[PDB]
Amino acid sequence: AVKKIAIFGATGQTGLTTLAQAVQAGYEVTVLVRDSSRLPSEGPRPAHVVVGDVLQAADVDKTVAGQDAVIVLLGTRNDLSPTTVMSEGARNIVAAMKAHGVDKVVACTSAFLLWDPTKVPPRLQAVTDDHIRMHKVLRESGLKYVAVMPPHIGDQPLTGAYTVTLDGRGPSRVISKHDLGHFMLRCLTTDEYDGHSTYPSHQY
C-alpha cells in the first residue's frame, strides 16, 4: 500500500487540510514549498520539507524521489493572469516520476474541463487554459493518473459524505476544501479511479 507521498501545493487552501489529513492518516509526507514560513508551526506537520519551486526540475526531482504516489494541488492563489506554472510544474513532476519509478499521481484541475466551453466564465479562462494544458501533460504521460475536477471549492466542514461522479458533471456545484482533500487521499487507497475524470461534490 501507499505510505510515502509527495504533496505539491501543500501550503494552499486545499493543500493545508490535505497535508493535515494525510499526517493524521499515518502517511509519511514530503512537501515542496516556496517558503517553509507558509507551513504550520504546530499541529500535523510533514515528515520532510523541500524548499524550492515547482518550476525547478531539480527541486521537483528531490521531492518525488522515494515516494509511492504524488498529489498535485498547485494553483495560482488569487491571481487570474495568464500562466503556465501549473502545466510546466506538471511536466517537471511527470519527468521526475518517470526517472524515479513513481507511477501514481492524483492531480486537481477543475470541473470547467467538463463544461461546455462556451459556458466557462471569461474571467476564469486564463487559469482554465493552463488547467487544460496540465491535464494534457498528465493524460499523455502514461502514468496512473486520477484527474480530480472539482466545482467551486468552499470552506464548509469535512463530511466524507460527498458524491463522486465519474467522467461527467455531478449534482452539486460546491465541494468543501476538506472533502476535496479527503477525496485526494482516498484516491491513494484504490486504483478504481485511475484513468477517469472525478467530480467530487456535496450539498452542505
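Note that residue numbering follows the sequence shown and begins at 1.
For the segment pair 149 to 157 and 36 to 44, the entry gives 36 to 44 the higher mean B-factor, averaged over Cα atoms.
For the set 69, 65, 174, 57, the PDB entry assigns the largest Cα B-factor to 57.
Of the candidates 10, 187, 25, 180, it is 25 whose Cα B-factor is highest according to the PDB record. Split the chain's modelled residues into thirds by C-alpha temperature factor. Residue 123 is in the lowest one. In this PDB entry, the Cα temperature factor of residue 89 sits in the middle third of its chain's modelled residues. Among all modelled residues in its chain, residue 170 ranks in the middle third by Cα B-factor. Among the modelled residues of its chain, residue 139 has a C-alpha B-factor that falls in the highest third, as given in the PDB entry. Residue-level temperature factors show residue 49 in the highest third of its chain, judged at the C-alpha atom.
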